[PDB]
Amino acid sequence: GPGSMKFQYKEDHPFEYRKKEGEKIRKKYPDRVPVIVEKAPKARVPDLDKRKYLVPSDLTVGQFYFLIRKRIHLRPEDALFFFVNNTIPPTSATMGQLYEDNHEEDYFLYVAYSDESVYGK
């Protein structure tokens, strides 16, 4: 897709596999979106147990951010930033709007997280 990110989900699966999974999820849940969430390269943070998420479309990016902070057990003092196609998304946007504007040809929205505000730093 756009951007210059690297996601292990894409390293691990060819496009045809990903598109079949993403299309299936999109069809089955019209009011939710499929999202891949992974730690950015070099980020000094834990990985999630799962990297595929089914997210309500009206959940805001901000609320999703708080959920991921909890999943990786961050302390309040710890920094964390989301990146989508190399841009930190606004917290007031809905996940559905973020999905519409950024999802890739395999129908997944890809979100990276890092303790740094520059992707890959």
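Between two forms, the rigid core is defined as the largest C-alpha subset superposing within 1.5 Å. Sequential numbering from 1, following the sequence displayed.
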Using the rigid core for superposition, please say which stretch has the greater CA deviation in 7 other deposited structures of this protein, 42-50 or 56-64.
42-50
Larger mean CA deviation from the shown form in 7 other deposited structures of this protein [core fit; 94-102 vs 16-24]:
16-24
Going by the average Cα B-factor in the PDB entry, point out whether 43-51 or 72-80 comes out higher.
43-51
Output the stretch having the higher mean C-alpha B factor in the entry; the candidates are 107-115 and 17-25.
17-25
Just grab whichever of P89, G96, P30, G62 has the top CA B-factor as deposited.
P30
